[PDB]
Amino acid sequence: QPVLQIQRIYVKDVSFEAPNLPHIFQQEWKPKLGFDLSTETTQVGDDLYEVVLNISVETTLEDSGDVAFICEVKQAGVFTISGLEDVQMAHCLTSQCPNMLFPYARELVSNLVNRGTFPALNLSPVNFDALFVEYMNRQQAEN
């Protein structure tokens, strides 16, 4: 029988620069979000995996092209996973686990950004399943 369980959820790395600060608040609010996302998976112990969801957000206010902020995040989870065939295992490490972390990472980004008094940045969903399919293509590609 297969097993997928979370052992711990924790941040491995956080960041939130907002340079041209004191002033930028004068300019008018017209964003240019520069999302990006990734996931790495390190095996730790027998049947234990660290799935890390890497995320970079970067509002940019069009005309000026001057950064409004750059939030980066590494939300991780250690999981116990066993009894899965190669492809399933890959859906776990690539969509299942990342998908469960995602919402914690969303809250983080939302919390930081909020600390810079900026306007709410509640990250929109990601389709991890697609990401899985894409993951599979990339692997056959390389092979």
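Numbers follow the displayed sequence, beginning with 1.
Here the stretch with the larger average CA B-factor, out of 15 to 23 and 121 to 129, is 15 to 23. Just going by the entry, 35 to 43 versus 93 to 101 on mean CA temperature factor gives the higher value to 35 to 43. Of the candidates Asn111, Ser56, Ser64, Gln75, the one whose C-alpha carries the top B factor in the deposited record is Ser64.
Per-chain ranking of the deposited C-alpha B factor places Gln7 in the lowest third. The deposited CA B-factor of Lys30 belongs to the highest third of values across its chain. Looking at the C-alpha B-factors along this chain, the one for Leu48 belongs to the middle third.
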